[PDB]
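Some notes on the structure that comes next.
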Number of protein chains: 2
Amino acid sequence: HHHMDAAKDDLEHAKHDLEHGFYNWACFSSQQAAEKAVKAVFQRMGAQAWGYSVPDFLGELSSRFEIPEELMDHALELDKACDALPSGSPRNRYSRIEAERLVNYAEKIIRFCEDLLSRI
Amino acid sequence: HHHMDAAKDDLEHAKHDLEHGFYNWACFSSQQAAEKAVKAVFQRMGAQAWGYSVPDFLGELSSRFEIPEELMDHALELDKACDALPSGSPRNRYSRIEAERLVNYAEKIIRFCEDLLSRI
């Protein structure tokens, strides 16, 4: 599963960016990791995957497998682009939490796809 | 060209990792950027792109467009995985140069694909 290996590498990339405070980049890598993980399911099934977004691919996948609502919810958060809070701790705290959340979401999607691939 | 925008973002990611001394990750991002750039050509042509590697996609592209030898050469370098030199300056210098090279190669491929897309 080339797409799965690449998903896991993107996740590790995200986690590295997170550790170093690069919250924007962690978000970006997380989106890519989730995308690649879902494509790995399409590749195993021999089916064409249309679209760019994680919501696109999970929606298509829903015709064949049950996709938990919370994963679609996470996907929609990951799909969003990677100010009224003050500079310093308020902004950095918000960004750090947001980036951790998105990394966790990508990881969740990866592990769901792993669970699916283990069974098909 | 969603794939092209994503290629350019991967390139920026690579350059960010390079700036911070993350030479391994810069290599990884460069591979992804080059892959996405070539896929953007397939998408515009409406053709299916088989494979994982940049050499895979450039080889397929050769049946339709002339691909300069030096770009295939760069692609093969980018395709490689991301010790007898001493720790410290010798190793870091080698790694820094190698990562700069790979980032430049990905950029070259991106700009070639841009030039192609501008004309088709």
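Would you mind working out the magnitude of the charge dipole of segment B:45-120 relative to its Cα centre, with +1 at each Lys and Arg C-beta and -1 at each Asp and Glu C-beta, to the nearest 20 Debye?
280
Where does each of B:12-25, B:54-67 land if you order them by average Cβ count within 10 Å, highest first?
Final packing ranking: B:12-25, B:54-67.
Shortest first and in nm to one decimal, what separations exist between residue A:92 and its copies in the other chains, measuring from label points 7 Å along the Cα-to-beta-carbon line?
Once sorted, the set of distances for residue A:92 reads 2.4 nm.
Using Cα positions and a limit of under 22 Å, work out the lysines in reach of residue A:108, with same-chain residues fewer than 8 apart set aside.
By straight Cα distance, residue A:108 reaches A:8, A:15, A:36, A:39, A:80.
How big is the charge dipole of the protein assembly as shown about its Cα centre, in debye rounded to the nearest 20, if each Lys and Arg gets +1 on its Cβ and each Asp and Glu gets -1 on its Cβ?
80
With n ≥ 4 as the cut-off for DSSP H runs, can you work out [θ] at 222 nm for chain A, using -39500 (n - 2.57) per run divided by the number of residues, rounded to the nearest 500?
Calculated mean residue ellipticity at 222 nm is -25500 deg cm²/dmol.
So which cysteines of chain B have no other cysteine's Cβ under 4.7 Å from theirs?
B:113
Report the one residue of A:59, A:3, A:97 whose Cα lies farthest in the direction of the positive end of the charge dipole of chain A (charges on C-beta: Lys and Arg +1, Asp and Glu -1; origin at the Cα centre).
Selected residue: A:3.
Once the convex hull of the alpha carbons of chain B is built, what does its volume come to per residue, in cubic angstrom?
Value for chain B: 93 Å³ per residue.
How large is log10 of I(q)/I(0) for the protein assembly as shown at q = 0.09, 0.14, 0.15, 0.17 Å⁻¹ when the intensity is taken from the Debye formula with one equal scatterer per alpha-carbon?
Relative scattering, expressed as log10 I(q)/I(0), comes to -0.41, -0.97, -1.08, -1.29.
All Cβ positions, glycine included, derive from the backbone under ideal geometry; neighbour counts span all protein chains shown. Only the coordinates and a few stated rules stand behind these numbers; no lab work does.
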